[PDB]
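Contents: one structure, followed by commentary.
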Amino acid sequence: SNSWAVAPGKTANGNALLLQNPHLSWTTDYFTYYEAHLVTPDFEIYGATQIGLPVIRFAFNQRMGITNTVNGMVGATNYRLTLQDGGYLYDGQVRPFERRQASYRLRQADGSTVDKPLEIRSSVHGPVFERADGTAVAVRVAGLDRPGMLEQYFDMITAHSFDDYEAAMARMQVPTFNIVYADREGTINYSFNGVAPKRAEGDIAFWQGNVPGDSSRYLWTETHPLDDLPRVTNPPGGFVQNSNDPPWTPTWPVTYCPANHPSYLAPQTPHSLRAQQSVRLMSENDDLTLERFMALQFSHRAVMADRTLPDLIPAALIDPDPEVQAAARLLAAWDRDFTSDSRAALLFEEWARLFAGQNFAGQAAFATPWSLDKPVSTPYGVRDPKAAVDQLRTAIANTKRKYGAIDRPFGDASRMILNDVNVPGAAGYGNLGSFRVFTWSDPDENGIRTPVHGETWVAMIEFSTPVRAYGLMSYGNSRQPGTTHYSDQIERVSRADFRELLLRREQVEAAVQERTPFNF
Amino acid sequence: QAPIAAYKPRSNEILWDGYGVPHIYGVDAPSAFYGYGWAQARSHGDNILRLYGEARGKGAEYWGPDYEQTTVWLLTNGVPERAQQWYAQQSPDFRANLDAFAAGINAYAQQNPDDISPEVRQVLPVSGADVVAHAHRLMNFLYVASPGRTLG
């Protein structure tokens, strides 16, 4: 997911700008987003939220707006238990488990149900589970005593001022997510939100693994207040951003550093190329207009190519295999952008899968390692060009095997297909540097692939008076069998032809195609 | 300076645009949430009822083995029962919105039974607590504590 909030001073018209851009599976039911607009005499809200949720998570109105990205807040701890004499060893003594005998029904093939016993065991840590390898794990989830998640989101999005907004957030009822905010008053904010356990030792890596469940030494009981978490408001840089990267470059120049917070709050790992693009696109541009803002969101640069081809090409050209040479020239003439007509893109991806792993996050192959001191220009170069060329050799075979040729047009293989709509794809993997994301699936027998995750709800809003906003939903606003609103937006997505979002009554009335009166 | 004058809805109605986007107008908060529930049932009823069914801890009961692992995960973590607690712990004002939302979903199914897949009809009617249960499952037991990380 991506998120941008731009301050008035960094814009041409003097109004804040906001980008809602969450990335999630295109098929997972509980991850499906839904667009809606609610209006009462006291409040108005427009935006997307996951189906089944009564509150809009990605919302905005005439006053304010927010967006979310996953930050992976470590709100739970998995403890490894030391079983002994029917119980578990804790602080030098064998403790008995709390045991509750429950049951649930299991539907049978003939429609009937079978009553099935379920023993629920718990240690002081929390519920206990047994892994396939036989490891006994107790999961301790924080924030189980925070029933106001939904109401907090509601009060946040209907807030009349940033102060009221922060007061709502301070309730600490939303257990996770990075949240970005912007309003018509000109304030922008980035918050590394979530319910984080207070711990006296151990870095994030330690707490993400199996923590020793045999000592009260690791049994936390309190959580951090909103003031203890990384946050930024109206920074000198005039913007805030987050593309799932650790919260160490939320703006430029930064306003804090890793040493300013406990080391278990967030990783200090290399920022993805997509995140580096996010920072560059905002910091390098000034006097932004809503139009330019949108154009920037469409960025689909093969940043990985800029960091590797300078070293890879010359090495490949000296290889005896003429096919490797031809591949080197193909890659060399590429403008390094994931456009539909690119004949080198698919081949580059295949190479990168080997050079940087299947998720393209590998760091071992670069010559210059990532550095927070050069957060948007590292890692760089190819450490071992010889090996890299052997990797290209293998990539050449993989590309031909998957797509039928080493120079098949990107958009000919990459398609967005919903119902009977089949359009050419563009943009691509975020870890390769593409800001606009489409995580292409593996290709089928004919080399055709489609998005499995990526752009879903995308909206850019300018807080002028009245506000102006544009948006699109990749997979439509409905998935009910037979609906005409599942594949009716994908064609516009393929051309980045955004819909103006309608908040004003007059606009809605002019666009209405169906009226549903109702009574409660 | 001041925002544009707000609209004062004088009747409850949903105005749908050409892309299936519902513009829900309510004379008060409960009415709007009701319309929102109706709209979501219209656009995504089948999967929502299915998800609510799982959050109740009745996935295995309603649909079989393919939903048994999640049932065991949610029951062991006491999600359905905690949802009942969180629901009761809601402020009166907000609980009325959750009740209205659930009522909107039930009303849509009532007026449009043909749009509800046979397999999920047994889930109805839904309640405010069901809405809380799903949200609780999604936030705490999907995003924060996933079964994958605990079980491996």
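The table below lists the values:
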| quantity | calculated |
| --- | --- |
| Selection count where residues are within 8 Å of another protein chain (Cβ to nearest Cβ), within 18 Å of A:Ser478 (Cα to Cα) and of a type outside the set (A, V, I, L, M), scope segment A:28-55 | 9 |
| Residue within segment A:241-250 that is more than 15 Å from A:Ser371 (Cα to Cα) and of a type in the set (A, V, I, L, M, F, W, C) present | no |
| Segment A:109-126: number of residues that are out of contact with any strand residue (DSSP E or B) (no Cβ under 6 Å at 6 or more places or on another chain) and either of a type in the set (S, T, N, Q) or surrounded by 16 or more Cβ atoms within 10 Å (Cβ to Cβ) (or both) | 2 |
| Residues (part of a strand (DSSP E or B) and either farther than 29 Å from B:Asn112 by Cα or at the interface with chain B (Cβ under 9 Å from one of its Cβ atoms) (or both)) located in segment A:470-520 | A:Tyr470, A:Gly471, A:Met473, A:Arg499, A:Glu500, A:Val512, A:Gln513, A:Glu514, A:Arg515, A:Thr516, A:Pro517 |
| Residue among A:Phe192, A:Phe154, A:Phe177 that is in contact (Cβ under 8 Å) with a residue 24 or more places away in the chain, buried (at least 21 other Cβ atoms within 10 Å of the Cβ) and touching a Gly at 6+ places or on another chain (Cβ under 8 Å) | A:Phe177 |
| B:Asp46, sole failed condition from (1) outside any strand (DSSP E or B); (2) closer than 16 Å to A:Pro517 by Cα; (3) facing another protein chain (nearest Cβ under 7 Å) | (2) |
| Of all residues making up segment B:85-96, the number that are in contact (Cβ under 8 Å) with a residue 24 or more places away in the chain and within 7 Å of chain A (Cβ to nearest Cβ) | 2 |
| Single match in B:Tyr25, B:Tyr34 (criterion: of a type in the set (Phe, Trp, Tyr), farther than 12 Å from A:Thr516 by Cα and either buried (at least 24 other Cβ atoms within 10 Å of the Cβ) or facing another protein chain (nearest Cβ under 7 Å) (or both)) | B:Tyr34 |
| Test: residue in segment A:254-261 that is surrounded by fewer than 22 Cβ atoms within 10 Å (Cβ to Cβ) and in contact with a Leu (Cβ under 7 Å, 6 or more places away or on another chain) | no |
| Near pairs, Cβ below 9 angstrom, 6+ apart or cross-chain, from segment A:200-214 (without any contact (Cβ under 8 Å) to a residue 12 or more places away in the chain) to any residue that is loosely packed, with under 14 Cβ neighbours inside 10 Å | A:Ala200/A:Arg217; A:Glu201/A:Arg217 |
| Selection within segment A:128-143 - in a loop (DSSP other than H, G, I, E, B) and of a type in the set (A, V, I, L, M, F, W, C) | A:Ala132, A:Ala142 |
| Subset of segment B:57-69 (residues that are assigned to a helix (DSSP H, G or I) and crowded, with 20+ Cβ neighbours inside 10 Å) | B:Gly59, B:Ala60, B:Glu61, B:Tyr62 |
| Scope segment B:49-69; condition hydrophobic (A, V, I, L, M, F, W, C), within 7 Å of chain A (Cβ to nearest Cβ) and within 21 Å of A:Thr49 (Cβ to Cβ); matching residues | B:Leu51 |
| Scope segment A:2-49; condition buried (at least 18 other Cβ atoms within 10 Å of the Cβ), more than 19 Å from A:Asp183 (Cα to Cα) and in contact (Cβ under 8 Å) with a residue 40 or more places away in the chain; matching residues | A:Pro22, A:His23, A:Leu24, A:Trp26, A:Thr32, A:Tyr33, A:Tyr34, A:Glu35 |
| Residues of segment B:1-34 that turn out to be closer than 26 Å to B:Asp93 by Cα, out of contact with any helix residue (DSSP H, G or I) (no Cβ under 6 Å at 6 or more places or on another chain) and of a type outside the set (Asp, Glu), as a count | 10 |
| A:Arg100 in contact with a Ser or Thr (Cβ under 6 Å, 6 or more places away or on another chain), within 13 Å of chain B (Cβ to nearest Cβ) and part of a strand (DSSP E or B) | no |
| Test for A:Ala332: is it touching a residue at least 24 places away in the same chain (Cβ under 8 Å) and either assigned by CATH to the domain that holds A:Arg401 or within 19 Å of A:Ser243 (Cα to Cα) (or both) | no |
| Residue match in segment B:70-84 (condition: in contact with a strand residue (DSSP E or B) (Cβ under 9 Å, 6 or more places away or on another chain), on the phi > 0 side of the Ramachandran plot and either more than 7 Å from chain A (Cβ to nearest Cβ) or assigned to a helix (DSSP H, G or I) (or both)) | yes |
| Residues located in segment A:342-379, provided they are closer than 19 Å to A:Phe435 by Cβ and not polar (S, T, N, Q) | A:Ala345, A:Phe348, A:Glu349, A:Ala352, A:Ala356, A:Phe360, A:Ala361, A:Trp370, A:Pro375, A:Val376, A:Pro379 |
| Matching strands (runs of 3 or more DSSP E) fully within segment A:1-85 where at least 1 residues are within 15 Å of the chain's Cα centre (by Cα) and of a type outside the set (A, V, I, L, M) | A:2-6, A:17-21, A:23-25, A:33-39, A:44-50, A:58-60, A:64-69 |
| Test: residue in segment A:92-101 that is free of Cβ contacts under 8 Å to residues at least 24 places away in the same chain and either closer than 30 Å to A:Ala459 by Cβ or in contact with a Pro (Cβ under 9 Å, 6 or more places away or on another chain) (or both) | yes |
| Within segment A:428-449, tally of residues that are assigned to a loop (DSSP other than H, G, I, E, B), in contact with a strand residue (DSSP E or B) (Cβ under 9 Å, 6 or more places away or on another chain) and free of Cβ contacts under 8 Å to residues at least 40 places away in the same chain | 2 |
| Hits in segment A:437-469 - residues which are among the aliphatic types (A, V, I, L, M), surrounded by 19 or more Cβ atoms within 10 Å (Cβ to Cβ) and more than 9 Å from chain B (Cβ to nearest Cβ) | A:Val437, A:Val458, A:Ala459, A:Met460, A:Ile461, A:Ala469 |
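Conditions (1) among the hydrophobic types (A, V, I, L, M, F, W, C); (2) outside any loop (DSSP other than H, G, I, E, B); (3) under 21 Å from the mean Cα position of the chain (by Cα), marked per residue:
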site: A:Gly237; (1), (2), (3): no, no, no
site: A:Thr251; (1), (2), (3): no, no, yes
site: A:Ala266; (1), (2), (3): yes, no, yes
site: A:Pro270; (1), (2), (3): no, no, yes
site: A:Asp286; (1), (2), (3): no, no, no
site: A:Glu291; (1), (2), (3): no, yes, no
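Results for (1) among the basic types (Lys, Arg); (2) under 24 Å from A:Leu18 (Cα atoms); (3) in the same structural domain as A:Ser283 (by CATH), shown as yes or no for each residue.
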position	(1), (2), (3)
A:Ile188	no, yes, no
A:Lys198	yes, no, no
A:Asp214	no, no, no
A:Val232	no, yes, no
A:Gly237	no, yes, no
A:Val254	no, yes, no
A:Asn260	no, no, no
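As a convention, Cβ positions derive from the backbone with ideal geometry for all residues, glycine included, and neighbour counts pool all protein chains shown. What is reported rests on the model, the rules as stated and the sources as named; no laboratory read-out is quoted.
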